[PDB]
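Have a look at the structure below, then the notes.
Methodologically, a virtual Cβ is constructed for each residue, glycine included, from the backbone with ideal geometry; neighbour enumeration extends over all protein chains shown. Coordinate-derived values only; no laboratory data.
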Amino acid sequence: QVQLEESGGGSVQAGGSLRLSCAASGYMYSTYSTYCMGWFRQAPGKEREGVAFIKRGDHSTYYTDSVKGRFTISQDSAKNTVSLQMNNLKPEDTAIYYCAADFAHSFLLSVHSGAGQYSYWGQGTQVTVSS
Amino acid sequence: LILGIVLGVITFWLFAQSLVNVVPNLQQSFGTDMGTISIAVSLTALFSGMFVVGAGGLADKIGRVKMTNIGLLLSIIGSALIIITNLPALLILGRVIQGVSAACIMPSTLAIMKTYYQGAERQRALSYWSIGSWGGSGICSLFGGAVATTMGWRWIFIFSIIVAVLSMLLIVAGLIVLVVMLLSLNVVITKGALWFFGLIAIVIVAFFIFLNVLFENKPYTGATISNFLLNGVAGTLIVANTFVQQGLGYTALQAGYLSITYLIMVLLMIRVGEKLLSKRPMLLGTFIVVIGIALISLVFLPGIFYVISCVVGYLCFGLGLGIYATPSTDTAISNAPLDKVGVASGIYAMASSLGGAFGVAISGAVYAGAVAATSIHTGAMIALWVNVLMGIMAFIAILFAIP
Ligand SMILES: [Zn+2]
């Protein structure tokens, strides 16, 4: 009974900026645990690919090589939400961005990336860039 | 080697419940996707909580230490079977027996405490048993993680076989229609539904069939019914650890420091609960915790230095459970007749377990419902307040536990 409600994205010109925010409703933390949260993109042709992820406990982040430096994932801690700030976008980034989160695990364990490790998925937010 | 052996058997049920918070590392090795590889690990308690009474009864009949010899031996195959071979249909079969391992140990080893001690020594015995359980489960998540990051996921199960050996080296009358009840009742708490309405029927059904297929009017009954109600406040920390980390936006460590402050406090009050001793301290424990909840409830309308009100709550909550646990593990183990301890101890162990599950499920569902309707701060209180009601009902539950 968890719901990943996600917002932002949309259409923009190339070399621009697009925010992507996502929040987990009623996803409680165990006695000594946290969970990882991020986005996977999938263009109409290409196969599902991870973008950026953050561990909610210690703000530990990880990015794919593609977007590294341009994109910046972080969580607005007081407002309780993770948001992927995407900058200097290129037509490669055009795809359906799916927010996801994995089953809780001891915060000691390192931040997650692989789609197999993530369990909760969203409806998917569209992002498209052009000339 | 009285507790030294017993504890080794209890800490076999620590290293079992450590892998539960290292479920992603197992995802890679055993291969199969999450949900299937996670529920695989869940089976260890699922089977434990339902068999504890039966495995307690077959320990009651065919030797107490006989079944503690089985459990500790069954914990070797339980671990060796998993650690050695890395494949999925394998994992399931090893976790189910890892569960029956505990079902054999908890009640039987609890009965040995009655024989070994027989009054006065029982106080020091059951206190050492509590340290073995509370302290063990208390770190199991923080343990399993530390092991998986540096040693590995399999290196938490190499510690399971050697401690299970160093334990032994330092020393069907409707059961099937009870486990079918408890299997259903256990998975009813895990509410992922429309379809759970019929899963509550199979509980009510198999209950009345076992009810017409057991004449306790002692303070033991009062202790078991109170122990259930008292463990219903278990959600308090889960809802608190969430609120602190989501609502107040703290890190994972500060959340763990508030938690391990509760852990050391509850562990250094089962000793003081021993000296405290029967009914008097169990009323003080069930009382002071309700204030410990209220102290953590009032941090939903706080200031900048209201971290104290929360902190003192974790101590107030921690120390209360400690003052109740040793007297109340004794009030049950005492009045439990020497002829039938294995069955009696298994029921007290089951009542303790179901109490926690029933508590967390309510605490979570309320929080998830309240935080959706209202906000994180407002929602937390509604959830924390529901923990107070059970804490008061746990204080009222002692009314039916005479001196
Ligand atoms: Zn994760």
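Below are the figures for this structure:
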{"item": "Subset of region A:86-119 (residues that are part of a strand (DSSP E or B) and over 16 Å from A:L20 (Cβ atoms))", "result": "A:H105"}
{"item": "Residues within region A:118-127 that are away from the ligand (no atom under 14 Å from the Cβ) and surrounded by 16 or more Cβ atoms within 10 Å (Cβ to Cβ), tallied", "result": "4"}
{"item": "Residue within region A:76-84 that is closer than 30 Å to B:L384 by Cβ, among the basic types (K, R) and in a loop (DSSP other than H, G, I, E, B) present", "result": "no"}
{"item": "Criterion: under 25 Å from B:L185 (Cβ atoms), within 16 Å of the ligand (Cβ to nearest atom) and in contact with a helix residue (DSSP H, G or I) (Cβ under 9 Å, 6 or more places away or on another chain) - qualifying residue of B:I37, B:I10", "result": "B:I37"}
{"item": "Members of region B:15-37 that are facing chain A (nearest Cβ under 10 Å) and either in contact with a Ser or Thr (Cβ under 8 Å, 6 or more places away or on another chain) or over 23 Å from A:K55 (Cβ atoms) (or both)", "result": "B:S18, B:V20, B:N21, B:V22, B:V23, B:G31, B:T32, B:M34, B:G35"}
{"item": "Selected residue (only one of A:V111, A:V127 is within 15 Å of the chain's Cα centre (by Cα) and within 14 Å of chain B (Cβ to nearest Cβ))", "result": "A:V111"}
{"item": "Residues of region B:233-253 satisfying the condition of being more than 7 Å from chain A (Cβ to nearest Cβ) and either over 17 Å from B:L298 (Cβ atoms) or not aliphatic (A, V, I, L, M) (or both)", "result": "B:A234, B:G235, B:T236, B:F243, B:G247, B:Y250, B:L253"}
{"item": "Residues located in region A:73-98, provided they are more than 8 Å from every other protein chain (Cβ to nearest Cβ), crowded, with 16+ Cβ neighbours inside 10 Å and away from the ligand (no atom under 14 Å from the Cβ)", "result": "A:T81, A:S83, A:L84, A:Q85, A:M86, A:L89, A:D93, A:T94, A:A95, A:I96, A:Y97, A:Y98"}
{"item": "Hits in region A:27-72 - residues which are within 15 Å of the ligand (Cβ to nearest atom) and polar (S, T, N, Q)", "result": "A:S30, A:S33, A:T34, A:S60, A:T61"}
{"item": "Residue list for region A:102-117, filter: out of contact with any helix residue (DSSP H, G or I) (no Cβ under 9 Å at 6 or more places or on another chain) and more than 8 Å from the ligand (Cβ to nearest atom)", "result": "A:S113, A:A115"}
{"item": "Among the candidates A:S60, A:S21, A:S17, A:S25, residue that is surrounded by fewer than 17 Cβ atoms within 10 Å (Cβ to Cβ), more than 29 Å from B:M151 (Cβ to Cβ) and more than 8 Å from chain B (Cβ to nearest Cβ)", "result": "A:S17"}
{"item": "Helices (runs of 4 or more DSSP H) wholly inside region B:1-114 that include at least 3 residues being under 26 Å from B:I176 (Cα atoms)", "result": "B:36-61, B:64-84"}
{"item": "Positions within region B:247-283 being in contact with an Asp or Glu (Cβ under 7 Å, 6 or more places away or on another chain) and either within 23 Å of B:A125 (Cβ to Cβ) or among the β-branched types (V, I, T) (or both), in sequence order", "result": "B:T251, B:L277"}
{"item": "Only one of B:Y314, B:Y367 that is in contact with a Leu (Cβ under 6 Å, 6 or more places away or on another chain), within 14 Å of chain A (Cβ to nearest Cβ) and buried (at least 16 other Cβ atoms within 10 Å of the Cβ)", "result": "B:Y314"}
